[PDB]
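Peer 1: make a model of this:
(7 chains, ligands or ions: 6)
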Amino acid sequence: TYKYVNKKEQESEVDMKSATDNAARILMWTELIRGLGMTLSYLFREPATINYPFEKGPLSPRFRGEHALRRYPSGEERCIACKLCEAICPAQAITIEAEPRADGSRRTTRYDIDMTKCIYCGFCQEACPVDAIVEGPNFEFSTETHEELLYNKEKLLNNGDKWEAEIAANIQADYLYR
Amino acid sequence: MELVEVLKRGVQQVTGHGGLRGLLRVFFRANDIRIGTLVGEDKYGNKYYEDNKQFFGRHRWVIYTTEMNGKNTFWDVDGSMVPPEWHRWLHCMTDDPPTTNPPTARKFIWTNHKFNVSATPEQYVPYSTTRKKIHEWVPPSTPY
Amino acid sequence: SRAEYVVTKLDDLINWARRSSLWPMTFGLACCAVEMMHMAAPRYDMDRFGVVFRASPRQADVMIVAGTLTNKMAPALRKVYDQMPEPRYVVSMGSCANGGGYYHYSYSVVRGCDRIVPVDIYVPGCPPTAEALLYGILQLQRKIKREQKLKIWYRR
Amino acid sequence: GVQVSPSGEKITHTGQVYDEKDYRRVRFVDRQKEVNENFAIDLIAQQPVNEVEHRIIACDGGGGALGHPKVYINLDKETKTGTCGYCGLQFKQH
Amino acid sequence: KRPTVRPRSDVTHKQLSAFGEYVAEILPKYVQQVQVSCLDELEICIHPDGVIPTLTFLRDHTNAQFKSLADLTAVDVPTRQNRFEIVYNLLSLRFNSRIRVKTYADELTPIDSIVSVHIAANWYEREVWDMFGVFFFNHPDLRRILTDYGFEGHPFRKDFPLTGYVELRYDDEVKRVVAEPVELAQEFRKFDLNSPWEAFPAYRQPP
Amino acid sequence: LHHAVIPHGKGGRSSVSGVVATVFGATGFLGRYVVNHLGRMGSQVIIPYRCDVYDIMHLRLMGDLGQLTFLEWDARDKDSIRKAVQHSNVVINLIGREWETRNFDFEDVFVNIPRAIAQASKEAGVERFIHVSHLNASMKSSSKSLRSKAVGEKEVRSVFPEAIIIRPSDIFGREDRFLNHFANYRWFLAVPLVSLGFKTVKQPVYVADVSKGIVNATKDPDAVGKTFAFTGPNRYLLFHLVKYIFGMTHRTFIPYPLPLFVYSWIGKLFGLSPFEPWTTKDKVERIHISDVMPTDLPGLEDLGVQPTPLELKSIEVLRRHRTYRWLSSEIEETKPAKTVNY
Amino acid sequence: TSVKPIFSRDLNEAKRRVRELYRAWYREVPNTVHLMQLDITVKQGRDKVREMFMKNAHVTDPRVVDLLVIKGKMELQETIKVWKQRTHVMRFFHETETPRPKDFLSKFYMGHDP
Ligand SMILES: CCCCCCCCCCCCCCCCCC(=O)OC[C@H](COP(=O)(O)OCCN)OC(=O)CCCCCCCCCCCCCCCCC
Ligand SMILES: NC(=O)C1=CN([C@@H]2O[C@H](COP(=O)(O)OP(=O)(O)OC[C@H]3O[C@@H](n4cnc5c(N)ncnc54)[C@H](OP(=O)(O)O)[C@@H]3O)[C@@H](O)[C@H]2O)C=CC1
Ligand code: SF4
Ligand code: SF4
Ligand code: SF4
Ligand SMILES: [Zn+2]
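Peer 2: Numbering: from 1, shown residues only, chains lettered A, B, ... in the order given. Ligands and ions are numbered 1, 2, ... in the order given. There you are, the coordinates:
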């Protein structure tokens, strides 16, 4: 189906009343006072702005920001150098290099993320079969240099040791959906 | 009348931060006098007030510390200083603060949160976590 | 009281001025420009902080590189940065401009705006939330707050 | 495991500390290298060994869908103890 | 009834096969290999001398009112000597159906332009030239669109490397944006992913 | 030879050379070109800076990731210099001023600071040290700057031998203080010249040449106890050189003589300035003494640079000063300067 | 062997167009040195023109020469107009790129490549 937007039915009805009405639409700027009153109405509304550093916009548990490598409650490192997070990372941001830990365990000697290549897509955290790397909540890590946004294993483990109280809870909310 | 009620509310806002000293300490430092219920304080000194009658971007707010880890944050306020215990609550990921619903304690989680470090020392310098892959021949210390 | 103290206070004053009235440029190339708009939107109003767009670069104190920078658009960006009058700052927004982003390995992309213009602050994301770019702007304010220019003039 | 080297730098769980002749120590001047104090070797060694009754068992991480894929460990040997591959939890039977 | 797999029609297949017979027997001088895919799509393949007559036919015939060009593409296939498989995606708006017309080319075997039929094809032909190097006869402008101005190469060919041959950066010595030979801080990690097991015996290339 | 200072790559950005260098006058005019020519081939460049971070931004680029390390310092304070040269192979002194200050004199710029830097370099154990004196640097000269620079050239040898001492002529470049300095004499409606410019000879050199020279000398197995004269070709007489400047900058030319004593007093009262002065007594003195015939010394071509004539690169410098009606004028419409040999 | 033409019967009819193109470039160079404030001389610009012509002087197929004439006419369009800039025009000179050595021993001293 369809319907017209700027099609009158037809013409050929005019009277002195309608002519006076159109002539007072003209000559008084009638349809402009309406917009003026609209903007005036907006002057007397509670604005939608927020004091940002103090009061902040709402986010969700699914929100994906900074990255972090997690541990088990034993403090054991949770990644296992399976290297599919780099296989799927569509920006090739992840380089991994691994070895036996001298305990005989599968672990990484390397986990870097160029955060100027990551598109923050979450494929890595939904592919990691142990929930080792996640995409944390943080969005306030702007830096004064490019080199700071080239992460390594230590920075990711520090992000994990930092935001685990928030990461674990958001995961607690968000599983059963994945 | 109505004007009188709103002016009474304004007076309550004006006289609800201690005195003139605290009123100015809040107004020139957050640009808002709005009163809320103190939900809970931090181990650094942040306050985390609340008032649910406001709309869904101003019903929770922080009043930051004046000194976090030796930085003198009376004016240099930033959003990284909110630890993860309160990040979830402030960004409205929950209706459950850490006063009632605290997080699981673990032996590896940081006890002292850190503000954002990008210009100071104590920042992040990258490097290769790996080792020398090829080993060069160490010649003898003797002739012939 | 002392000349060095007077100079420190004058530095504080001029830094406060340049920090409170920074006029970015209507320079938005790709998706990240939409979050820049949303930071111009009512929730995170930039004008609250004294931050208003000027479409001309000569009336601009900062540029926000919000989008992907190609080999074809880099001369224009550099001409515009030059045309900006000092003191001038740059803010790289998004993984496309900080580095290469999702197009780092492609043939018509410069792998970082930092190859062409100097960058004071890098805002990461794809896109960054407008709160994140606002954090970057306030970080630039914190950066201007500690210039100590007249101090080094006195100490030369 | 945050022993230092004779140069004075910290050492990672990947023995990585730059040599005294390496020019790449400049990047840590007026700065610091991020190195994590909580090592996984020490912290998984600071755990008991889970006595069990059977000879085959099953280890998830502990949360079900939050741990690792459910594997099974044999415990017939007594010269040593079983060990999970994903986690490092050890097991034995009496 | 099978919820996981896609439902199939019959009438559209029969319709488009009949219309393929129509075009074949009505335009034989130019036509090769008419075909209809599993999913309902007609696909005609054409000698490059037939581009203008076939496109004018499908635009202006009464039973074929294909008077809207959707795409004009190309596909570089270095195996076949005539590499570029140029494609035209057209719709009707009178019968609510689409059709595909194909012809071949090479670096030195250009094709008649189509702006006399669809004005939409101006920028598309400019794009095909910019990307593959297929010259187009009697085209008004035929200059690049997407690539840089002083660009040497046709990128979307398979024989062109992804990272390119030049790279840009601003030099203080000359105060310009100079082009330098490519040098990456990190090589693109190509991955070999094709499994060595035949998943589709229907497309089993025999020896 | 550590495995990390082994050169790799096709000689460009994102490569390695083994040229870890501390460049002390990097925030200036020659140092920016030096840092550019270093980063252009791949090399870590430690850059000590005392200025504000606004004036290190143009150096923040011109190098791949991690290859540009800035750290703050102070000539008064040792341990801000050992900290810089602690990990380096090469050190390049470009420090210098065209005027004294209350805090720093010419001695405390050309003599005591290179001595400290070279002490730190020898104690750290670096391989090279590139000092930059002036061509006219002589203990029996007229200027405080030139005598101080000869004294520094001697004391640097006395402390750190196995050194390289480059002695350029008056350099010209886009943001120099030689061609721009002579072209800014239009704001005064006539230009003064001692003896009308005659009995004075100038053999200027371009920045790119000196930069490539330094950047090759930090890799040449020669040049360990060698002084150099980075002069450039086409010795020029000052009157004809200023005439070429005021022809390429198409404004006008009203020369007239002036003694040295009144022009010295002019330079003095101009140097009465808390800001960057326009003119100084030592600048006038350095302008009105001729450049030595440099053919007792190697120069550029013994180091791997073919010197560039002024006539080919001057328009890049001087088109800034032109007006409309002349900005769109080419190099071949200025009847070039008259060369001399003497 | 019995292939189709494009704008050419054979090589002389194409060298005609090649000389026309050289003509247009020679007439155009002084206008571009003036419009966009290039810092070079008209002599070396025309030398670069002749150089970039001689880079393809080893060819005999008329179709190659015709496509090269087409590409050169495109470049001449972009250069007659000021669609492109001092950057793209000075990109031919290689003013920053160090000269690739053509001697065996220097290649041996830096790099494993021939
Ligand atoms: C006693 C017998 C004798 C009595 C003699 C007196 C007889 C009565 C005289 C009535 C005349 C009133 C004057 C009105 C002037 C407007 C004329 C007019 O027709 O409008 C002009 C313009 C028309 O626009 P358009 O839609 O194109 O129609 C033209 C069709 N050809 O439309 C416009 O003007 C729009 C452009 C202007 C928009 C500007 C926004 C103004 C917003 C309103 C501001 C109101 C506040 C004014 C406060 C001023 C107080 C100092
Ligand atoms: N025309 C020329 O430029 C010629 C120069 N030379 C020699 O070339 C060298 C450099 O020339 P140029 O590049 O023009 O010098 P510039 O004046 O251009 O910059 C020199 C550097 O010296 C630093 N500097 C000056 N005084 C001090 C100080 N007291 N303490 C610490 N740092 C200081 C400055 O740092 P900041 O600016 O941050 O203070 C600046 O980066 C000098 O040694 C000079 O003798 C010789 C012949 C010609
Ligand atoms: S979020 Fe996406 S782009 Fe970012 S690291 Fe993970 S997989 Fe790569
Ligand atoms: S982070 Fe996860 S997906 Fe990536 S290598 Fe480690 S275990 Fe595998
Ligand atoms: S970083 Fe992401 S959001 Fe920003 S411009 Fe690039 S693709 Fe768009
Ligand atoms: Zn387990």
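Peer 1: and the helices in the chain?
Peer 2: Just going to use chain A. In chain A, the helices defined using DSSP state H lie at A:16-25, A:30-43, A:85-88, A:123-127, A:153-174.
Peer 1: ah, no, chain E please
Peer 2: E:11-26, E:51-60, E:121-132.
Peer 1: looking at these, which is buried most?
Peer 2: Mean neighbour count (mean count of other Cβ atoms under 10 Å in any protein chain shown) peaks for helix E:121-132 among those, with a mean of 21. Every residue, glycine included, has its C-beta placed from N, CA and C.
Peer 1: next, give phi and psi for the residue of chain E found nearest chain C.
Peer 2: Nearest to chain C, among the residues of chain E, is residue E:164, at 3.1 Å (Cβ to the nearest Cβ). Dihedral angles of residue E:164 (phi, psi; degrees, to the nearest 10) stand at phi 80, psi -180.
Peer 1: who's in contact with the closest residue to chain D within chain A?
Peer 2: As assessed by Cβ to the nearest Cβ, chain D sits closest to residue A:75 within chain A, at 3.2 Å. The neighbourhood of residue A:75, defined by Cβ atoms under 8 Å, 6 or more residues apart in numbering or on different chains, consists of B:106, B:107, B:108, D:38, D:40, D:43, D:44, D:46.
Peer 1: which element, helix or strand, includes the residue of chain C found nearest chain G?
Peer 2: Residue nearest to chain G within chain C (Cβ to the nearest Cβ): residue C:75, separated by 5.0 Å. According to DSSP states H and E, residue C:75 maps onto helix C:74-83.
Peer 1: mind listing what's buried in the helix or strand that comes right after that helix?
Peer 2: Per DSSP H and E, the first helix or strand lying C-terminal to helix C:74-83 is strand C:89-93. By 16 or more other Cβ atoms under 10 Å in any protein chain shown, the buried positions in strand C:89-93 come out as C:89, C:90, C:91, C:92, C:93.
Peer 1: just want the angle from strand C:89-93 to helix C:74-83.
Peer 2: 150 degrees (axes from the mean of the first three to the mean of the last three Cα atoms, to 10 degrees).
Peer 1: packing partners of strand C:89-93?
Peer 2: helix C:32-39, strand C:62-66, strand C:121-123, helix C:130-144 (3 or more Cβ pairs under 8 Å, 6 or more residues apart in numbering or on different chains; DSSP states H and E).
Peer 1: which elements pack onto the first one?
Peer 2: Using 3+ Cβ pairs under 8 Å, 6+ apart as the contact criterion, the elements in contact with helix C:32-39 are strand C:62-66, strand C:89-93, helix C:130-144.
Peer 1: now distance to ligand 3 too, for those, in TSV please.
Peer 2: Listed next are the helices and strands packed on helix C:32-39 as TSV, based on distance: least, Cβ to the nearest ligand atom, whole Å:
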stretch	distance to ligand 3
strand C:62-66	19
strand C:89-93	17
helix C:130-144	15
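Peer 1: which among the ones you listed is found nearest to residue A:68?
Peer 2: helix C:130-144 (16.8 Å; Cβ to Cβ).
Peer 1: could you give the number of residues near the closest residue to chain G within chain D?
Peer 2: Relative to chain G, the nearest point of chain D is residue D:23 (19.9 Å; Cβ to the nearest Cβ). Residue D:23 has 19 neighbours, counted by other Cβ atoms under 10 Å in any protein chain shown.
Peer 1: pretty sure it is touching residue F:44, no?
Peer 2: Yes: Residue D:23 lies in contact with residue F:44 (Cβ atoms under 8 Å); the separation is 6.3 Å.
Peer 1: give the residues shared as contacts by those two.
Peer 2: Both residue D:23 and residue F:44 are in contact with residue F:20, where contact means Cβ under 8 Å, 6+ apart.
Peer 1: next, count neighbours for residue E:120.
Peer 2: Counted with other Cβ under 10 Å, residue E:120 comes out at 15.
Peer 1: any idea how far it lies from residue E:44?
Peer 2: Here the criterion is Cβ to Cβ, to the nearest Å. By it, residue E:120 lies 19 Å from residue E:44.
Peer 1: could you measure from the residue of chain E closest to chain C over to residue C:106?
Peer 2: The gap separating residue E:164 from residue C:106 is 8 Å, by Cβ to Cβ.
Peer 1: same question, residue A:50
Peer 2: Counting by Cβ to Cβ, the gap from residue A:50 to residue C:106 is 38 Å.
Peer 1: just to revisit the earlier point, nearest to ligand 6, out of the helices and strands packed on helix C:32-39?
Peer 2: helix C:130-144 (37.1 Å; Cβ to the ion).
Peer 1: and residue F:147, backbone torsions?
Peer 2: Torsion angles, degrees, to the nearest 10, at residue F:147: phi -60, psi -40.
Peer 1: just to revisit the earlier point, mean neighbour count, the helices and strands packed on strand C:89-93: which tops it?
Peer 2: Highest mean neighbour count among the helices and strands packed on strand C:89-93 (mean count of other Cβ under 10 Å): strand C:121-123, a mean of 30.
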